Amino acid sequence: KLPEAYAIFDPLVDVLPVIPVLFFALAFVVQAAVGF
Amino acid sequence: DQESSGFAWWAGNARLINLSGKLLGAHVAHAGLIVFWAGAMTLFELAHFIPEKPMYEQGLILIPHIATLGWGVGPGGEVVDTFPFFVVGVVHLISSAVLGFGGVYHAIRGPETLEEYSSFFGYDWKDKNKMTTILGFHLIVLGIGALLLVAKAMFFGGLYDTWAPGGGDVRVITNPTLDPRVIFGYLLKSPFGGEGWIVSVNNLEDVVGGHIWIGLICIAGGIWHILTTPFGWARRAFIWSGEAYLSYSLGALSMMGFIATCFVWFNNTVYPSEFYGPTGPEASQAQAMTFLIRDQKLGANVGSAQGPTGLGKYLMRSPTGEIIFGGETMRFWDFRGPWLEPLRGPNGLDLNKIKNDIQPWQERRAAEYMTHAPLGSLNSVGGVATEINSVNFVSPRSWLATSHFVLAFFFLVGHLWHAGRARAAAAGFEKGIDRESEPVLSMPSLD
Amino acid sequence: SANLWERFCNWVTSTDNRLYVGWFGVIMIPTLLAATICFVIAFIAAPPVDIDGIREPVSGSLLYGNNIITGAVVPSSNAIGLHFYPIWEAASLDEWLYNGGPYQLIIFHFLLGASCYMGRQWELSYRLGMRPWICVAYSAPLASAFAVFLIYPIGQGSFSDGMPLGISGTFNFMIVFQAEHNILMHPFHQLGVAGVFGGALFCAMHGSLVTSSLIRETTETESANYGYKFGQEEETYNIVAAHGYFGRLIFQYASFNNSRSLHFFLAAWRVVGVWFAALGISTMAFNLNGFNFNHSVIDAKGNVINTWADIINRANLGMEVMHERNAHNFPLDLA
Amino acid sequence: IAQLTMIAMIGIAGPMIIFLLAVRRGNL
Amino acid sequence: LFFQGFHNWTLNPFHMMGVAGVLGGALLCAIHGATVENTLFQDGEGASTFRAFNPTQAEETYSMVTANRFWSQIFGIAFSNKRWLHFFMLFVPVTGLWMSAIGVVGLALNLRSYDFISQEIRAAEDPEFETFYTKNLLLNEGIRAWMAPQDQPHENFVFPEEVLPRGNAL
Amino acid sequence: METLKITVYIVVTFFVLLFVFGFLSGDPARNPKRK
Amino acid sequence: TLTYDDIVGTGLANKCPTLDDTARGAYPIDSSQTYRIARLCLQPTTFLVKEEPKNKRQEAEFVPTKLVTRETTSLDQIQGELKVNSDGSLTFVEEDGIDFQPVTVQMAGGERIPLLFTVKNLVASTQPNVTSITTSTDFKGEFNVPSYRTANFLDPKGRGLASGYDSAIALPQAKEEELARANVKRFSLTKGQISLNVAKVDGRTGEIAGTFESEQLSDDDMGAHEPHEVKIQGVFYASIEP
Amino acid sequence: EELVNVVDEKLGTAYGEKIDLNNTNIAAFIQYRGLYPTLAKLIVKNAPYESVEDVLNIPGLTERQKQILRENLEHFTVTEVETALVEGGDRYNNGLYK
Ligand SMILES: CCCCCCCCCCCCCCCCCC(=O)OC[C@H](CO[C@@H]1O[C@H](CO[C@H]2O[C@H](CO)[C@H](O)[C@H](O)[C@H]2O)[C@H](O)[C@H](O)[C@H]1O)OC(=O)CCCCCCCCCCCCCCCCC
Ligand code: CLA
Ligand code: CLA
Ligand code: CLA
Ligand code: CLA
Ligand code: CLA
Ligand code: CLA
Ligand code: CLA
Ligand SMILES: CC1=C(/C=C/C(C)=C\C=C/C(C)=C/C=C/C=C(C)/C=C/C=C(C)/C=C/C2=C(C)CCCC2(C)C)C(C)(C)CCC1
Ligand SMILES: CC1=C(\C=C/C(C)=C\C=C/C(C)=C/C=C/C=C(C)/C=C/C=C(C)/C=C/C2=C(C)CCCC2(C)C)C(C)(C)CCC1
Ligand SMILES: [Fe+2]
């Protein structure tokens, strides 16, 4: 429940928090592409 | 810095401890996730927050803090402005971009070496002054808002005070605390049950009142170090190395986090319970209160009721303060909250009061806290260890206090491994033990 | 001499004293010396203790009727809980005795000096000049002992519920816990029993291989173990012929040639799981108990289908109910 | 309802930078 | 639980060595592993002592000397030798396990260590004397009464509201 | 018995003070090659 | 004038109210006034356990004992109508209040003797022809002493009175009889008998303080041991109002 | 000279079959049309009755209440007050919860 005019975005608001984590994740993807 | 002439991949960030950091930007880089996280979760929180449902009943870790500052609450712990909360996360979130937008840069396209661009204060750890002066900035920096809060406390709206006359309610801190005995006195206060040196804090007058004292005290330090070079017993004592600096510094968190975990579990003042759950002890005291009433209301004398053990069910006696609720509940006769203080007395809980001046607004708050107790499974099924799946609720205090300990713990593990490896450069055996010049293979055999 | 302390200063840090005693030393050394002394006696001869919130004295001294297993020096009473009950706060010596004040002494003391040993665990790695990610291994241990004596207490509010110093005591602290925390169903303890079991398996693995590729130096009459001298320059085992075997025995690549890595794996596994565990207790310390799936599996009509965890929980109630009969003067074991 | 599809894109936003970097060059 | 509750295994010598070995061994493992790592000769260059090791030939990677002279002073004792160290590690567990396997063999024929007469005999009189043993043993007695009915379904146990053992309160 | 209360402190203080004054005199020295 | 946050910790709430040396001024009792007591408090200091005399029959003794459970001893908040019956004597009938503090003193030997210091169902009266309460006046009357433990209560090994395992249990084919003492848990009921002499009285306040001496029994322990006799001494405050 | 459990024995009187006005826990009062809540507070309070009827003559009982009791009189009984059953104000909270 965000202000009425934002109704459209509950979907994203929903995900935004996962991102932080996502970074430690990516950090690996790159390290892998760069053969350690 | 590539592989060779560096560490392995898991010790990645070590090659950034070489020369002058290519990026401050790393630190800033995330100095964003941290602020962005408020931006997401805060949005996410309100994104799920209903105004009726007790704030702590709706996994609200983030939101309760805004409330505790006087925002969007007022009379009782009721939320009137869904707006203010939304505001703060929206801002931070967006605010994070700039923080990340820059850290993200400083790390790839800027001076891969600010040791050279130096000039502006600049870079190099051993440089004993660039460091005294730097922290120096961040010292004026903190104390800065110590006042920021004092303002919110004294000039912008006030804070939430459960003790506050009427009842929990947004109030403005008029008269903070002068007397240094008090504000400082806490440090010298007992560490154990009865008086925690930091934790024990009845009102805001001493909080905001104390913060003031810290803003200036802390600013006086930035102003200080910024101007001078550390003395010779200092240099003599502590190893100076970029790492070693993290080493110390890191073990200030460890300690501090415990100081949090140990704080969020115990105080009703700075953690109102109308936003967090009722504090552990409060609970097993709340139960007491509810049943002292149930029977007294059922027609029992209460005060003079000999209990199963030999002590007495509803009322018991403690060694120093004479009177408190009795059960196993005793452990918490130190608990203090507005919902039970009216029914207090000189000698302790008053029989005359408890018997007739015990009002209704209490039986119902008392029952909420009896139920809503800091007890739940990761599963998140709030209740005794062995409860049926149905009512679920995990106290903000549970998560808060728990986490920080595991982290703060782990950090202490850090303070070690970073001191262990750093105290090592000090002689150079950190890389290993030299196969032809080891202190031990050339020493007087113990026997 | 310019100052006589000068010698005190090198002695404490005597890199050659039969038994090193660092600066931590100077605190450890006695903190445990007092801690132990109180203990050894409390066991041998100490009165009962009201432990639980009541006045039901629990005896735990050999001279008061304890087998070495039943033995245990009991905790402080729910009367004190967290307040500091030092020997002077108590009126009659016997008060401290009854209200179970030895505990705090013993606990607080070792639980302290212990850590200094942790420090002096590394102080020798500095005076000796050796990498020191060693003292940390010791953490996991000390963490737990700290967890079972200092966190959990602050967690439930009373030293009352802190693993009572004694054999059968632990068993108690345990069975109770399961009941109030379903610890056994806790993701942490798992990762705990994980490593412990592992380390105990690796401890036999790495010990197995070495002795299995030991090398030549003996007769059959001689003790094969004799083939080695302290201060050897080259290791006694034939690592190549070891990995060359173990590697082969299922997969070849799930094996270690990197002795530095292997000996390392041994370190971290036990030491990491144990941590989680130490945290497990410390986690449920503030009531974030293990999982709970009671009635979580049901059919159409709603008729409930018992999960194999419902038994766990059944046997759990049997525990909940009994523990500490008399005090519990209310419906909910909120502590 | 939709929540899921929109999460998808952001999640594959990061490995895509790695890809767009593989093809072009730099980083190393 | 079921054992604790019915066999009261927890209090069975044999099982004890069972944890004396697993537990005792784990330490032995975690320690030799780390004790080794630290007494490692810097024989590589930089921040990667993990590569600096020679897969090829004999060269004591961990000074056995920087060893003993360490614990000898920190714990009072020195694992002087590696054939025995790296062996005694084989023993610790394997042994305890057996002591476990024996112990349980007991439980097979219900031969269990619940007993402890010396106590229980004096448990009769002196209704006021209490050790943890008993205090514990009681937990067990609850574990029975409550689970047996559902754990052992084929017995169609039936325990009326009353028969169930409980303290005053819950 | 207020006596004990103090008898201990000193014994405690003394040590805590001997602790700090030992580490205070800086230990960057007292290792291999006094560095 | 003292707040709980001001008195908590002193271990004072266990010691009760004094009357300064402006006493001896008798309280004007009417006979035309109803009169009731407000928080009658008995703070104690001297616990003496009549020594189970050895078989020999020469004057049984009253040894002194050491207090164990710190401060959990005193009792007050006792209230009850103060009757003014014929011959002008006052009888105080307690209706309720905190009066059953459980204490355990350590005997001469190592014995832990526990009693239930209490002045419950109390009916105390004083001398006749008294229109004023003064250092003269005094109060004597009866008690009612249940037992240390309630009805429920499980002695280790599960036994109990109104619950509890019911038997030898741990020992199945053991010799049934001779454990009667332990199994069937009888529950005691006995008389107390205090004595109250005033020493400091205020005329207007209705306040009056003085020494008291209760002689009661100890812990029956369901059946275990024959209780030990106990005498209790200490000062007592007790405000009187109309 | 044969000592015996008191509750167990009084469970053998009519106490075990019906509701004992002078002893029985106040909890067994709900099991009948409108008795628990208040009437009980008065039933339980109010001296111990020598006769099962002296219930009806309780100070201030209401013209309706009076009725109820009469109606339910069927299930009430009495036996000597039982020291072990009444002490400890157990009658208000026996220690028995669901
Ligand atoms: C006296 C000498 C003792 C010698 C001991 C030496 C041993 C060496 C130290 C190592 C560990 C022991 C030290 C104890 C510190 C733990 C704190 C503690 O036990 O004291 C308990 C107190 C609790 O305070 C509570 O305070 C309460 C007051 O609140 C109540 O009243 C308040 C107002 O008064 C409010 O109204 C509030 O709502 C209400 O709840 C009550 O008085 C309670 O009785 C009282 O317990 O905590 C506090 O304030 C103190 C907070 C300190 C920070 C600690 C962080 C967490 C601890 C981690 C330990 C680190 C060690 C780890 C090593 C292993 C690996 C890491
Ligand atoms: C207080 C903040 C803090 C800071 C700024 C640092 C900073 C640093 N630490 Mg460190 N540390 C800390 C706290 C901190 N630490 C604490 C509290 C501990 C106790 C455990 C440690 C223990 C520790 C060790 C043992 C080491 C470091 C090292 C380092 C350096 C290497 C950088 C790094 O590790 O990135 C790289 C990040 C990683 C490698 C994370 C990945 C970890 C791998 C092994 C597991 C991957 C996780 C995986 C399961 C995730 C699942 C994803 C799934 C989708 C598959 C760096 C200077 C290294 C060093 O030598 O520096 C001098 C090093 O060896 N630290
Ligand atoms: C967790 C936070 C964090 C931060 C701030 C850093 C930062 C850094 N690491 Mg590093 N690292 C981390 C975690 C982190 N690391 C972990 C968990 C591991 C274990 C795998 C490592 C392992 C590791 C190794 C082996 C090395 C580093 C190196 C570095 C440095 C080089 C950066 C670079 O070359 O990127 C290059 C960037 C790319 C190739 C593409 C990534 C695109 C990013 C930068 C943009 C993403 C922004 C976001 C998605 C959208 C925002 C856009 C904005 C405009 C709004 C830099 C200081 C190097 C070093 O030694 O520095 C001197 C190095 O060799 N790290
Ligand atoms: C300060 C750290 C912290 C704390 C105390 C909490 C606490 C909470 N979060 Mg949360 N959260 C955090 C950081 C934190 N969060 C971050 C950084 C994110 C962004 C990814 C989120 C995103 C998030 C979402 C979407 C939701 C929550 C929710 C919650 C609540 C219930 C979650 C739960 O019961 O599952 C328990 C979870 C676990 C037990 C995870 C298991 C841990 C494993 C992976 C190992 C961890 C080891 C390591 C030492 C711990 C890592 C620390 C943590 C930051 C990951 C609880 C109050 C829920 C809620 O209350 O809704 C309003 C919810 O829906 N959080
Ligand atoms: C958070 C702490 C922090 C610190 C200590 C620094 C420090 C620094 N940054 Mg920087 N930066 C940060 C955060 C930080 N940044 C963040 C969050 C971003 C996101 C954009 C950036 C983006 C950034 C860029 C693009 C550049 C720097 C640069 C620098 C260096 C130039 C110093 C200077 O003279 O600027 C002094 C700046 C001020 C006193 C601020 C003046 C504000 C007004 C009066 C004018 C500023 C322009 C306008 C307001 C908006 C800025 C536009 C932008 C192009 C600058 C200096 C080392 C420069 C560099 O390359 O260093 C080697 C550089 O080109 N930063
Ligand atoms: C924020 C982080 C930070 C960091 C890393 C530092 C770091 C430092 N500061 Mg510093 N400082 C800070 C913030 C910081 N400061 C702030 C916010 C202020 C505001 C004033 C100051 C004000 C300040 C001053 C005035 C001084 C320092 C000094 C120092 C240096 C020596 C400190 C020392 O080793 O103490 C070690 C001290 C001890 C171990 C004390 C041990 C003795 C005990 C027994 C005291 C006795 C207790 C007594 C009885 C009272 C209570 C005792 C107990 C019961 C609680 C060191 C580089 C010194 C320096 O040389 O230059 C500034 C110095 O003179 N700082
Ligand atoms: C990445 C994981 C993670 C997450 C999601 C959080 C989340 C949180 N932490 Mg936290 N923390 C963490 C890791 C994390 N922490 C670690 C590794 C430590 C070191 C052991 C701490 C130590 C810590 C303390 C001491 C406190 C928190 C608090 C909080 C809460 C308020 C945030 C805050 O203080 O805003 C901005 C700052 C404040 C609102 C109060 C500032 C406290 C003063 C300034 C002392 C210094 C602040 C602290 C040291 C800086 C850490 C800020 C945090 C964002 C990392 C929030 C739920 C606060 C809390 O308990 O809830 C209100 C709190 O007092 N944390
Ligand atoms: C130098 C070492 C280092 C590295 C490699 C990282 C890496 C990262 N940090 Mg981070 N951080 C660090 C130090 C570091 N940080 C320090 C000193 C602080 C001061 C508070 C922070 C504060 C911080 C915040 C506020 C946030 C991050 C976040 C992140 C990213 C997501 C992980 C996270 O939860 O972070 C937070 C804290 C940690 C990640 C500490 C450990 C958490 C991970 C390691 C647990 C999961 C893997 C772990 C449990 C593996 C278990 C071991 C296995 C063998 C069993 C990730 C890139 C963002 C994030 O995604 O958080 C949800 C984020 O919001 N960090
Ligand atoms: C939408 C949006 C956004 C964006 C962002 C971002 C930037 C995100 C991200 C992202 C990301 C970037 C995430 C993540 C990551 C990563 C990944 C996706 C990864 C991966 C994966 C995986 C699965 C992996 C795996 C693996 C393995 C197999 C093992 C180890 C190694 C590795 C890791 C490789 C934000 C939020 C800002 C907000 C605004 C809008
Ligand atoms: C880890 C790291 C990295 C990267 C990065 C980092 C670290 C950081 C950061 C940072 C960042 C990355 C940041 C940021 C950002 C940004 C953001 C986060 C944003 C935003 C915005 C938003 C999100 C929004 C949204 C919205 C709006 C606009 C308003 C309304 C609501 C909405 C939602 C619509 C890498 C991997 C490369 C490596 C190195 C280090
Ligand atoms: Fe080995």
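Definitions and limits used
Residues numbered from 1 in each chain as written, not as in the entry; some residues may be left out. Chains lettered and ligands numbered in written order. Part of a larger assembly, values for the part shown. Heavy atoms only, no water. UniProt positions renumbered as here; feature names shortened; annotations may be inferred. Contact = heavy atoms within 4.5 Å. Near = heavy atom within 4 Å. Areas by Shrake-Rupley, 256 points an atom, 1.4 Å probe, with all protein chains shown as cover. Helix = DSSP H or I, 4+ residues; strand = E, 2+ residues; numbered from the N terminus. Nonpolar A, V, L, I, M, F, W, Y, C, P; charged D, E, K, R; others polar. Buried < 20%, exposed > 50% of the residue type's maximum accessible area, 1.4 Å probe, protein only. Pairing = 2+ DSSP bridges. Buried area = accessible area lost by both parts, 1.4 Å probe. Salt bridge = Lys/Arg side-chain N within 4 Å of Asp/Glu carboxyl O. Polar contact = N/O pair within 3.5 Å; in protein donor to acceptor, adjacent residues only side chain to side chain. Disulfide = S-S within 2.5 Å.

Its PDB header names X-ray crystallography as the technique used to obtain the model and reports a resolution of 4.00 Å.

As deposited in the PDB, this entry carries the title "Crystal structure of I-substituted Photosystem II complex". In its Subcellular location section, the UniProt record describing chain C reads: "Cellular thylakoid membrane". A UniProt comment under Sequence similarities is attached to chain C, and it reads "Belongs to the reaction center PufL/M/PsbA/D family."

Comparison of the 14 pairs of chains in contact shows the highest number of contacts for chains C and E. If you take every C-alpha in chain A and every C-alpha in chain H, the smallest gap between them is 39 Å, and the two do not touch.

A word on the site of ligand 9. Lining the immediate surroundings of ligand 9 are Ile-19, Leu-22, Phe-23, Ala-25, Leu-26, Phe-28 and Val-29 of chain A together with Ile-10, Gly-11, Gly-14 and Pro-15 of chain D. In this structure, ligand 9 sits where chains A and D come together, each supplying nearby residues. In the complex, 50% of the free accessible area of ligand 9, which totals 900 Å², lies under the protein chains. For the shell around ligand 9, the secondary-structure elements that each account for two or more residues are helix 2 (19-33) of chain A together with helix 1 (3-11) and helix 2 (13-24) of chain D. Considering every element that reaches the shell around ligand 9, the biggest residue donor is helix 2 of chain A, with seven residues. Among the residues forming the shell around ligand 9, the class breakdown is nine nonpolar, two polar and no charged.

Here we take up the pairing of strand 7 (residues 89-93) of chain G. All names here are of chain G. Burial analysis of strand 7 places four of its five residues in the buried class, the great majority of the element. Alignment of strand 6 (residues 75-85) against strand 7, held across four bridges, turns out to be antiparallel. The residue of strand 7 that forms the bridge with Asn-85 is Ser-89. Once strand 6 ends, the chain turns through three residues before running back antiparallel as strand 7, passing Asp-87 with a positive phi of about 65°. Sheet topology note: the strand 7/strand 10 (residues 123-125) ladder contains three bridges and is antiparallel. Residue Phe-92 lies in a different strand from strand 10, and its bridge partner there is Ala-124.

Listed per partner, the contact involves eight residues of chain F and seven residues of chain B. Between chain F and chain B, the buried area comes to about 660 Å², and carbon and sulfur atoms account for 58% of it. Of all residues in chain F, the largest losses of buried area upon contact with chain B belong to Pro-28, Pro-32 and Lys-35 of chain F, amounting jointly to 56% of the total for that side. Linking chain F to chain B there are zero salt bridges. At the boundary of chain F with chain B, the tally comes to one residue pair in polar contact. Its residues placed into classes, the side of chain F that touches chain B shows three nonpolar, three polar and two charged.

As a further point, take the state of the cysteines. Residues and elements named next belong to chain G. Enumeration over the complete set of coordinates arrives at one disulfide over all chains. Disulfide pairing places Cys-16 opposite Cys-41 at an S-S distance of 2.0 Å. Disulfide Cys-16-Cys-41: torsion about the S-S bond near -95°, hence left-handed. Taken together, the residues span a long stretch of sequence, with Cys-16 in the loop between helix 1 (4-7) and strand 1 (27-28) and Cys-41 in strand 2 (residues 36-42) at a distance of 25 residues.

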